[PDB]
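Participant: The structure that follows is given in the form of structure tokens.
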Amino acid sequence: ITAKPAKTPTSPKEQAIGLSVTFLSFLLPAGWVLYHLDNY
Amino acid sequence: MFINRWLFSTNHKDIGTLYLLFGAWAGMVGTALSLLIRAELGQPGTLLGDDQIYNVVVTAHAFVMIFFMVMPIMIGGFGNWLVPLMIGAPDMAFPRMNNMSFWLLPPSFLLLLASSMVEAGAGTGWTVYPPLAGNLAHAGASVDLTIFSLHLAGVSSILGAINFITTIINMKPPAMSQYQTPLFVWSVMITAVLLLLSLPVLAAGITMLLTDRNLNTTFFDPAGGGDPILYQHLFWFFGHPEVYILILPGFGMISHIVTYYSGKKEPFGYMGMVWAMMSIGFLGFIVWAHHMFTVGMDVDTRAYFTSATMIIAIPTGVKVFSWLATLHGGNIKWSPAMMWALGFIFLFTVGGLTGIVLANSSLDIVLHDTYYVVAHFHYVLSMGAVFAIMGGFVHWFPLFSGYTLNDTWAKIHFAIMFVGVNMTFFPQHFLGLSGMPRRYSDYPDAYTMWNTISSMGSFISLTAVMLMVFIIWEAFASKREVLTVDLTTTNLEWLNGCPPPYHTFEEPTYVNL
Amino acid sequence: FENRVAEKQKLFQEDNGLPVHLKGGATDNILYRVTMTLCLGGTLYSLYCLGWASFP
Amino acid sequence: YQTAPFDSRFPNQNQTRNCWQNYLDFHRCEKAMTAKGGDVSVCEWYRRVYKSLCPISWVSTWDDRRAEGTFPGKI
Amino acid sequence: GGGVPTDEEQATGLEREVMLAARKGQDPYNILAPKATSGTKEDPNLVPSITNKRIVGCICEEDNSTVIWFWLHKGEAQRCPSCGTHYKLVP
Amino acid sequence: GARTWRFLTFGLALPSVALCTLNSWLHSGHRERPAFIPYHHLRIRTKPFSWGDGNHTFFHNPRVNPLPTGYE
Amino acid sequence: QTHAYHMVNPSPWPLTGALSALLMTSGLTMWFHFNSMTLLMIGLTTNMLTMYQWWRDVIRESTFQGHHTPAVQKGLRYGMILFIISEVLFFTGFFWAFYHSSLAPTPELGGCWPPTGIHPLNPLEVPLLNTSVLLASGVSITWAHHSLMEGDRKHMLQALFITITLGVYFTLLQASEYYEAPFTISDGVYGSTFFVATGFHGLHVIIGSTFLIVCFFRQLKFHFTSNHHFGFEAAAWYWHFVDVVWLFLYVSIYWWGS
Amino acid sequence: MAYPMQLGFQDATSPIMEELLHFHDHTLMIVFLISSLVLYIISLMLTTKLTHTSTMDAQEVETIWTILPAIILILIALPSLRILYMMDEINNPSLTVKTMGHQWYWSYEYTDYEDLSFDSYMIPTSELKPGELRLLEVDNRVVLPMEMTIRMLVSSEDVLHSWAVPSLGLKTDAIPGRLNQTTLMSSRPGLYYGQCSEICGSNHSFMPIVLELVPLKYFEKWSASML
Amino acid sequence: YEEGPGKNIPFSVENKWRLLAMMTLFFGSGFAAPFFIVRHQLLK
Ligand code: HEA
Ligand code: HEA
Ligand SMILES: CCCCC/C=C/C/C=C/C/C=C/C/C=C\CCCC(=O)O[C@H](COC(=O)CCCCCCCCCCCCCCCCC)COP(=O)(O)OCCN
Ligand SMILES: CCCCCC/C=C/CCCCCCCCCC(=O)O[C@H](COC(=O)CCCCCCCCCCCCCCC)COP(=O)(O)OC[C@@H](O)CO
Ligand SMILES: CCCCCC/C=C\CCCCCCCCCC(=O)O[C@H](COC(=O)CCCCCCCCCCCCCCC)COP(=O)(O)OC[C@@H](O)CO
Ligand SMILES: CCCCCCCCCCO[C@@H]1O[C@H](CO)[C@@H](O[C@H]2O[C@H](CO)[C@@H](O)[C@H](O)[C@H]2O)[C@H](O)[C@H]1O
Ligand SMILES: CCCCCCCCCCO[C@@H]1O[C@H](CO)[C@@H](O[C@H]2O[C@H](CO)[C@@H](O)[C@H](O)[C@H]2O)[C@H](O)[C@H]1O
Ligand SMILES: CCCCCCCCCCO[C@@H]1O[C@H](CO)[C@@H](O[C@H]2O[C@H](CO)[C@@H](O)[C@H](O)[C@H]2O)[C@H](O)[C@H]1O
Ligand SMILES: C[C@H](CCC(=O)O)[C@H]1CC[C@H]2[C@@H]3[C@H](O)C[C@@H]4C[C@H](O)CC[C@]4(C)[C@H]3C[C@H](O)[C@]12C
Ligand code: CUA
Ligand code: NA
Ligand SMILES: [Zn+2]
């Protein structure tokens, strides 16, 4: 496949932010429930 | 305009996009349920402290992965996007009915999530066998909400099957015979025929269960002269076709992917591939009682079901060897989609072979209701379906979105997922052979080591899922717009550009005789 | 009865930009609003019922 | 008599009808022997076979229904 | 006993356009498969279009399962990249 | 043709319905109801019905449909 | 476009239909478990409103706007055949339940069919009359079809009126049968198989009769041409399906099962 | 019973389980070979710069691809079905025992001669005697004679259960209103464990089966003591 | 209707950070839901 250069390139730092926010969106809520299973 | 476009759609592409979004969301739910299963099993003892909740989680895991992730993605998503494009059709035959097949699924899912929130849930298994699923052992609304979820899903898929069969038969170019349609289109037509014939039988059976629960019928209640085994026949008469429904569109996508990344104009042995899919579809209706080898049926019945089940390996092997023969002599492009497809061929083969082990009723006595069965279907169904979905998704994402993925990230994603699913499911073969039952919240101490490893594998696949979401974000974030793709002469779905215009084939293709 | 299909053809082919479900006139709008209000209101009521049924 | 022998009438995994038929046969024979004041020892083969094969709860439920007049088999 | 309208009396819209075109032996709505010419440079297949390009699928030989797809542009005749059959667009 | 199917409608089909109507009407008398026996495979009640007192079937006929405890 | 297919206007009815399904199912749940008919009556109302407006729009698109070209009509033919096939398979499940139960009657029944304490209907009385009624309606609908093809308005309307009258007669006879039946849906697997299989059939007779009534009013309003009348064809196919399911019920449940 | 890090079947306690072990060894060799061939061929197709992208004729190779798999399936089915018909063959049992499944325990009935019956419950982890097995012990074991053909009849008084003993090759569903038959023959004395094998609700994981196989003389002494 | 890359979807890709928030809420809500349903059943 061939493509145009990125209109809005995503730098290594921008990727670290997006990856971090993505991982945290999965891990924090599930982590909160699993940590508190005793309280349940 | 936003409500008209996305709630009132009569467009095959927009409806396909709705199905892909729905399915991806369902996949997150299904995955979360799978991790809760493996967390309960990841050390000896109890985690949840409530084995009814464990049983509800197992039940919901299966319904979400089958009815809300695989079928919506393969048939509603790839089917709606690709089938009209691959035959040069301007839309589906019934573009407004198509939209109702989609909009039935959110209500269906809401009924499933209502089942789990009222009373103590439906802790039945996805088989929903009476009397456990009856009004004594599962009093209250949960099982009825599960039945209604399945009615709505069933109507969605029956109307979808009518739409796909009509589209594929009626809306090709007048010169194009059935034997000039791409293999993916064949795979959807065959899948749709299986849905049309199988789902009504499930609908009959679960309706009988509804009436036994609420109208004092006794179809499945021996006190009234009924028989729990009748439910099992009606369920599995649907359920075996259902497992071929889950894989057939996957076989179609694999044929396209292997052909494309081998640099070929065509798959090896086209008419053999059509023959094999039709043979699998037909044989799929005459084998169901291999789900019932321990219920007490007659020896000659067991002999027949063993023998009929083994026959399916012949057309299946023609497809596997044909994929290998499509690679043969290729200018191989090691794209991430090709990696998904090669993973599919191998992992599907492993799971199909453990299916042949299980087909032997004698050995099935010892393997039935063990982790051997769980291992079999997580190879052939879970890995097979998911690997075909991820291959199709990374191959066609640029068509659907107009944007390219980062190929290096997509290869990393593949590598993580390959390790995770094999670490999760391979040890379940040992657990099965050594006698660990399925549908257990805890296990005798001897089974600890392979359960521990399996649960560690489940977290590796979670890391892959999270990375997949980041990879999709990065593609939409960077906005690398597609210009050209190779092999458009034998991949018509690409020839209107990326993404294609809302209306395609307003002027149909010219094909002469 | 008399054949008035030509008069309906003219009505439903009028170049007024209306979608077919509203092209009959003001009565179509009323019936659509009744249908959608019962569907959306009913759905909100079903969610309330879910909330009630989710607890003892 | 050790246990119920193989019966070519009931050669398969489902033995429900074998239990039912011997229960009926015992009670039909018992009624026939009692009605002429004859000898129930003649019914002994059926008694041993149904006692061997039939779940206690099935026997107890069938006995209760015979006493109630709600037993649905013909004796 | 009469009183049922005929298609000639009552068909409308696209149904009527298709009905009237068929009476004239015309196929504006692409219901029929066009018959190939010899496909030489002197006798190209003539591909009607309402615009300046149209997708052609070429079934190069009878009973081929593989169709070869390409855009045919207004201007000089183009050739099927598999069999070299000539096609000419006729706006 | 239409003439042939009308001929079948009036000459065979509707006469058949008239004869079956006469047959039914000649056998329409009320049958003597059988002694009540509280058989456990009949008058099933695993959950109350969602109407009336929970114990009457939807098209309950007092003359011929006994309750679990007998005729009303 | 230079193809003959129908690009449908964006429509709200798919969404209202899907929500009507949620309201009917959540409604049945709330009737069976929470002693309330409210959601169920909203769902039934929205379902009827959705089917009315959706099929009204199909009439507008075809009779009034001309979108049903031969290619579109061909697609609808396939769609209706496939829909009937799905309905055949739904009934097959109920026949399988009937044959499973009746061929291997369990000890709870008395190990016989019909079960101890079941007094079946005489299949030579109202069931035979119902058989003559639906067979006769298959003849009258064929007369209606030929009358329409031959351009005969009066005889099409008379034949279709007779067909509908026979469907209504069947429905009133079956209602009467249900009320007079000395067995109920709660009379074990005999009552279960009888009422669920004949009850889904009776529902399909009411649906089919309703479809014929729509065709009757469209015919009164001159919608059909002598050549173009797919709604009538589909209603006839569906009506023949209802007849054939009855003949299988009659032979299986009423006659062989008595 | 299973032991830690176990890969394969529990050691065979019955002649039919022995047969199943030999049959699994045969079948697994085929599974390994076919799995390995497919992986090898993938690697072969992917490891050459040589190309052939023109249309290939499929007819000749499809004969090999259908005949060879058909032969393999026959070679699996023949021994498979021999064992199936062995496990059905008329045996003269010397003893009949019934088991009834319940939520969540088994009951056993020995009614050939005396009305002996008892219930069999899992020993809770908090009550295990030192060295006893978590989730596997019961209070009342199924005492049976070794080296004798036994008829087991299996049913349920509530939901579906399934009566299993892996080392004897046994799994028979427990269905209310149905009496399912299986044959049991142990070559050895000892304790043989199994677990409920049809989901039956919240305590499915916790209603095990324990057979206690003893010489006939000890079985008779046990039966006589139970009066 | 709007055509072309980023315009054939029911969500905006005009701003990659707003997009990250929407994708986070979308996939996160699905992944979280079973944990919160388990919590709801345990708290009964
Ligand atoms: C994608 C879904 C899918 C697919 C395609 C299959 C495919 C097969 N399945 Fe499986 N199966 C499931 C999903 C699937 N299955 C699920 C979900 C269950 C569990 C349901 C539940 O209980 O919850 C199940 C359970 C199931 C059972 C019941 C086991 C039990 O509960 O005790 C059996 C019994 O025979 C079976 C057999 C097979 C066979 C023989 C095939 C065949 O179609 C496989 C054919 C493929 C090959 C053989 C490999 C390729 C072939 C070659 C390379 C040629 C040469 C090969 C030979 C000569 C052997 N499967
Ligand atoms: C398609 C079907 C499917 C899929 C994909 C899966 C996926 C997984 N399943 Fe399974 N599972 C079943 C079907 C499936 N499952 C069924 C039918 C049962 C039996 C239920 C019963 O007994 O009644 C079962 C049961 C089952 C058990 C046995 C429970 C028991 O017996 O007690 C276990 C145990 O480990 C398990 C684990 C997993 C894990 C860890 C995953 C996954 O975590 C593996 C990794 C895969 C993913 C993480 C999916 C990724 C896909 C997406 C996120 C979609 C992306 C979308 C786009 C790109 C558009 N599942
Ligand atoms: C006259 C000819 C036809 C009449 C039609 C019936 C009238 C009422 C209901 C209509 C819907 C019918 C469909 C079939 C469903 C089940 C039962 C219907 C059969 C019937 O009417 O049976 C009656 C019982 O109804 C009962 O329980 C009550 C029934 C009412 C509640 C039914 C709710 C269940 C709905 C199930 C939904 C399933 C939908 C499937 C969708 C599948 C899509 C994939 C029989 O009366 P009885 O007093 O027991 O015996 C007579 C004694 N004198
Ligand atoms: C008191 C009542 C309680 C019961 C309520 C339940 C519902 C009852 C509904 C009955 C069905 C009515 C269907 C009416 C369809 C009208 C639209 C129609 O018939 O549309 C026709 C197309 O057919 C088409 O779409 C064909 C459309 C096919 C419709 C198929 C309908 C059968 C549906 C069954 C419903 C599901 C049942 C399943 C339950 C288990 C229009 O084309 P023509 O006729 O060629 O006209 C064009 C000419 O005029 C040109 O010259
Ligand atoms: C417990 C209760 C749960 C049940 C919930 C019920 C589920 C959903 C609510 C149903 C709402 C129905 C509303 C009407 C649907 C009409 C569909 C229809 O009639 O669809 C037609 C196509 O299907 C055709 O013909 C042939 C197909 C016609 C099918 C009609 C509808 C069937 C709905 C139920 C079917 C279940 C099947 C039973 C077998 C298991 C028209 O296709 P369109 O794309 O519209 O237009 C195309 C244009 O060219 C026409 O001018
Ligand atoms: C199956 C998918 C799950 C995979 C595992 C997820 C990995 C863990 C992610 C982190 O999750 C968090 O962990 C914190 C602990 O590290 C918790 O803080 C908890 O504990 C803290 C330290 O004890 C306190 O300060 C906080 O108040 C308290 O909520 C917090 O709630 C939770 O969100
Ligand atoms: C246009 C959009 C649609 C909007 C939705 C309309 C919502 C209407 C709310 C009324 O709610 C009702 O309240 C009744 C009284 O509180 C309940 O009666 C029922 O519940 C009673 C509880 O006291 C019981 O006595 C009986 O079962 C019964 O009368 C009934 O369940 C419930 O529906
Ligand atoms: C513009 C939109 C307006 C929407 C208005 C909604 C219409 C219904 C609202 C009232 O709800 C009802 O309330 C009754 C109690 O007051 C319920 O009695 C129910 O409970 C009875 C028990 O006495 C049972 O006989 C029956 O299930 C039933 O009548 C009835 O079921 C339920 O529907
Ligand atoms: C006089 C009128 C003409 C209709 C017309 O051409 O507009 C006739 C033609 C056929 C008639 C119908 C048919 O004769 C069949 C029915 C006969 C019944 O006696 C009255 C209602 C009945 C349904 C009739 C109503 C009405 O009188 C119709 C519609
Ligand atoms: Cu008893 Cu599982
Ligand atoms: Na645990
Ligand atoms: Zn060519």
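Neighbour counts are summed over all protein chains in view; Cβ atoms, including those assigned to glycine, are modelled from backbone coordinates with ideal geometry. What follows draws every value from the coordinates through simple rules; no lab data is involved.
Participant: When you look at residue G:252, is it surrounded by fewer than 16 Cβ atoms within 10 Å (Cβ to Cβ) and touching a residue at least 60 places away in the same chain (Cβ under 8 Å), yes or no? Even if it seems obvious, please write down each step before you answer.
Facilitator: Values: surrounded by fewer than 16 Cβ atoms within 10 Å (Cβ to Cβ): no; touching a residue at least 60 places away in the same chain (Cβ under 8 Å): yes.
No; evaluated as a whole, the condition is false for this residue.
Participant: Just wondering, is there one or more residues in region G:143-155 that are more than 14 Å from chain E (Cβ to nearest Cβ) and more than 16 Å from ligand 12 (Cβ to nearest atom)? Spell out the reasoning first.
Facilitator: Step one: of region G:143-155, the residues more than 14 Å from chain E (Cβ to nearest Cβ) are none.
No, region G:143-155 contains no residue that is more than 14 Å from chain E (Cβ to nearest Cβ) and more than 16 Å from ligand 12 (Cβ to nearest atom).
Participant: Sticking with this structure for a sec: From the residues in region B:169-198 that are more than 7 Å from every other protein chain (Cβ to nearest Cβ) and of a type in the set (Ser, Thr, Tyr), which one is surrounded by the most Cβ atoms within 10 Å (Cβ to Cβ)?
Facilitator: This residue is B:191.
Participant: Sticking with this one: Residue B:23: touching a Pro at 6+ places or on another chain (Cβ under 6 Å), more than 7 Å from every other protein chain (Cβ to nearest Cβ) and closer than 30 Å to residue B:441 by Cα, yes or no?
Facilitator: Details: touching a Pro at 6+ places or on another chain (Cβ under 6 Å): yes; more than 7 Å from every other protein chain (Cβ to nearest Cβ): yes; closer than 30 Å to residue B:441 by Cα: yes.
Yes, satisfied.
Residue-by-condition table, conditions (1) touching a residue at least 24 places away in the same chain (Cβ under 8 Å); (2) among the β-branched types (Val, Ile, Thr):
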site	(1), (2)
F:3	no, no
F:16	no, no
F:21	no, yes
F:37	no, yes
F:42	no, no
F:52	no, no
F:57	no, yes
F:64	yes, yes
F:68	yes, no
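Participant: For residue H:196, all conditions in the list (1) without any contact (Cβ under 8 Å) to a residue 12 or more places away in the chain; (2) buried (at least 18 other Cβ atoms within 10 Å of the Cβ); (3) of a type in the set (A, V, I, L, M, F, W, C) hold save one; what is the number of the exception?
Facilitator: So residue H:196 meets the others, but not (1).
Participant: Take residues that are within 14 Å of chain G (Cβ to nearest Cβ) and tell me which of the helices (runs of 4 or more DSSP H) falling wholly in region B:39-121 contain 1 or more.
Facilitator: On the way: elements: B:51-63, B:80-86, B:95-103, B:105-117.
Where helices (runs of 4 or more DSSP H) fall fully within region B:39-121 and carry at least 1 residues being within 14 Å of chain G (Cβ to nearest Cβ), they are B:80-86, B:95-103, B:105-117.
Participant: Test each condition in (1) in contact with a strand residue (DSSP E or B) (Cβ under 9 Å, 6 or more places away or on another chain); (2) closer than 23 Å to residue B:487 by Cα for residue B:295 and report the one that comes out false.
Facilitator: Residue B:295 satisfies every listed condition except (2).
Participant: Over 30 Å from residue B:119 (Cβ atoms) and either away from ligand 3 (no atom under 15 Å from the Cβ) or away from chain E (no Cβ under 14 Å) (or both): is that true of residue G:81 in this structure?
Facilitator: On the way: over 30 Å from residue B:119 (Cβ atoms): yes; either away from ligand 3 (no atom under 15 Å from the Cβ) or away from chain E (no Cβ under 14 Å) (or both): yes.
It is true that residue G:81 is over 30 Å from residue B:119 (Cβ atoms) and either away from ligand 3 (no atom under 15 Å from the Cβ) or away from chain E (no Cβ under 14 Å) (or both).
Participant: Would it be correct to say that residue B:17 is facing another protein chain (nearest Cβ under 7 Å), within 22 Å of the chain's Cα centre (by Cα) and among the hydroxyl-bearing types (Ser, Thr, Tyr)? First the steps, then the outcome.
Facilitator: Numbers: facing another protein chain (nearest Cβ under 7 Å): yes; within 22 Å of the chain's Cα centre (by Cα): yes; among the hydroxyl-bearing types (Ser, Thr, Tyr): yes.
Judged against the criteria, residue B:17 is a match.
Participant: Another question, if that's okay. Go through H:187, H:202 for me and flag whichever is facing chain B (nearest Cβ under 7 Å), of a type outside the set (A, V, I, L, M, F, W, C) and surrounded by fewer than 23 Cβ atoms within 10 Å (Cβ to Cβ). Show your work before the answer.
Facilitator: Working: H:187 fails: facing chain B (nearest Cβ under 7 Å).
From the options H:187, H:202, the qualifying one is H:202.
Participant: Exactly one of these conditions fails for residue H:213: (1) in contact with a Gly (Cβ under 9 Å, 6 or more places away or on another chain); (2) within 14 Å of chain B (Cβ to nearest Cβ). Give me its number.
Facilitator: Here residue H:213 meets the rest and fails (2).
Participant: May I pose another question? Looking at H:39, H:81, which one is at the interface with chain B (Cβ under 7 Å from one of its Cβ atoms), under 30 Å from residue H:199 (Cβ atoms), assigned to a helix (DSSP H, G or I) and free of Cβ contacts under 8 Å to residues at least 12 places away in the same chain? Outline the logic, then answer.
Facilitator: Details: H:39 fails: under 30 Å from residue H:199 (Cβ atoms).
Checking each option against the conditions leaves just H:81.
Participant: Anything in region G:21-35 that is touching a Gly at 6+ places or on another chain (Cβ under 8 Å) and at the interface with another protein chain (Cβ under 7 Å from one of its Cβ atoms)? List them, or say none.
Facilitator: Taking region G:21-35 as the starting set, the residues that turn out to be touching a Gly at 6+ places or on another chain (Cβ under 8 Å) are G:21-27, G:33.
Residues satisfying the conditions are G:21, G:22, G:23, G:25, G:26, G:33.
Participant: So if I check each of B:77, B:42, which one is more than 16 Å from ligand 1 (Cβ to nearest atom) and within 16 Å of the chain's Cα centre (by Cα)?
Facilitator: Details: B:42 fails: within 16 Å of the chain's Cα centre (by Cα).
When all the criteria are applied, what remains is B:77.
Participant: While we're here: Just one of the numbered conditions (1) within 16 Å of ligand 1 (Cβ to nearest atom); (2) touching a helix residue (DSSP H, G or I) at 6+ places or on another chain (Cβ under 6 Å) is not true of residue B:338; which one?
Facilitator: Answer for residue B:338: the failing condition is (1).
Participant: Please determine whether any residue of region B:456-465 is free of Cβ contacts under 8 Å to residues at least 24 places away in the same chain, over 30 Å from residue H:207 (Cβ atoms) and among the aliphatic types (A, V, I, L, M). Steps first, answer last, please.
Facilitator: First, the residues of region B:456-465 that are free of Cβ contacts under 8 Å to residues at least 24 places away in the same chain: none.
For region B:456-465, residues free of Cβ contacts under 8 Å to residues at least 24 places away in the same chain, over 30 Å from residue H:207 (Cβ atoms) and among the aliphatic types (A, V, I, L, M): absent.
Participant: Mind listing whichever residues of region B:473-487 are facing another protein chain (nearest Cβ under 7 Å) and crowded, with 16+ Cβ neighbours inside 10 Å?
Facilitator: Across region B:473-487, the qualifying residues are B:473, B:474, B:476, B:477, B:478, B:479, B:480, B:481, B:482, B:485.
Participant: Is it fair to say residue F:33 is in contact (Cβ under 8 Å) with a residue 24 or more places away in the chain, surrounded by 12 or more Cβ atoms within 10 Å (Cβ to Cβ) and among the basic types (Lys, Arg)?
Facilitator: Yes; evaluated as a whole, the condition is true for this residue.
Participant: Additional query: Being more than 30 Å from residue H:175 (Cβ to Cβ), charged (D, E, K, R) and at the interface with chain H (Cβ under 10 Å from one of its Cβ atoms) is true for just one of B:333, B:265. Which residue is that? Break it down into steps so the answer makes sense when it comes.
Facilitator: Values: B:333 fails: at the interface with chain H (Cβ under 10 Å from one of its Cβ atoms).
Criteria check complete, one pass: B:265.
Participant: Residues in region G:190-221 that are among the hydrophobic types (A, V, I, L, M, F, W, C), more than 14 Å from chain B (Cβ to nearest Cβ), in contact (Cβ under 8 Å) with a residue 40 or more places away in the chain and surrounded by fewer than 21 Cβ atoms within 10 Å (Cβ to Cβ): how many?
Facilitator: Result for region G:190-221: 4.
Participant: Could you look through region B:209-228, keep only residues that are buried (at least 24 other Cβ atoms within 10 Å of the Cβ) and in contact (Cβ under 8 Å) with a residue 60 or more places away in the chain, and pick out the one that is farthest from residue F:49 (Cα to Cα)?
Facilitator: Among them, the one singled out is B:228.
Participant: Could you run through region B:417-442 and say how many residues are farther than 17 Å from residue B:380 by Cβ, among the aromatic types (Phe, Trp, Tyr) and crowded, with 23+ Cβ neighbours inside 10 Å?
Facilitator: Of the residues in that region, 1 qualify.
Participant: Sticking with this structure for a sec: So residue I:32 fits all but one of (1) within 7 Å of chain B (Cβ to nearest Cβ); (2) crowded, with 18+ Cβ neighbours inside 10 Å; what number is the exception?
Facilitator: (1)
Participant: Oh, and also: Which condition number does residue H:117 fail, the rest of (1) more than 31 Å from the chain's Cα centre (by Cα); (2) part of a strand (DSSP E or B) being met?
Facilitator: For residue H:117, the exception is condition (1).
Participant: A further question on this structure: Kindly evaluate residue G:127 against the criterion of being within 17 Å of residue G:257 (Cα to Cα), more than 9 Å from every other protein chain (Cβ to nearest Cβ) and part of a loop (DSSP other than H, G, I, E, B).
Facilitator: Working: within 17 Å of residue G:257 (Cα to Cα): yes; more than 9 Å from every other protein chain (Cβ to nearest Cβ): yes; part of a loop (DSSP other than H, G, I, E, B): no.
So residue G:127 does not fit the description; no.
Participant: Among the candidates B:444, B:500, which residue alone is over 30 Å from residue A:13 (Cβ atoms) and within 14 Å of chain I (Cβ to nearest Cβ)? So that I can check it myself, show each step before the final result.
Facilitator: Working: B:444 fails: within 14 Å of chain I (Cβ to nearest Cβ).
Only one candidate passes the filter, namely B:500.
Participant: Taking the residues in region E:56-91 that are aliphatic (A, V, I, L, M) and closer than 19 Å to residue B:183 by Cα as candidates, determine which candidate is surrounded by the fewest Cβ atoms within 10 Å (Cβ to Cβ).
Facilitator: Step one: filter region E:56-91 for residues aliphatic (A, V, I, L, M), giving E:56, E:59, E:67-68, E:72, E:77, E:89-90.
With the extra rule that they be closer than 19 Å to residue B:183 by Cα, the set shrinks to E:59, E:67-68.
Working: E:59: 24, E:67: 24, E:68: 19.
Step by step, filter region E:56-91, then rank; the result is E:68.
Participant: Scan region G:57-69 and give yes if some residue there is farther than 30 Å from residue C:35 by Cα, away from ligand 6 (no atom under 16 Å from the Cβ) and within 14 Å of chain E (Cβ to nearest Cβ), otherwise no.
Facilitator: yes
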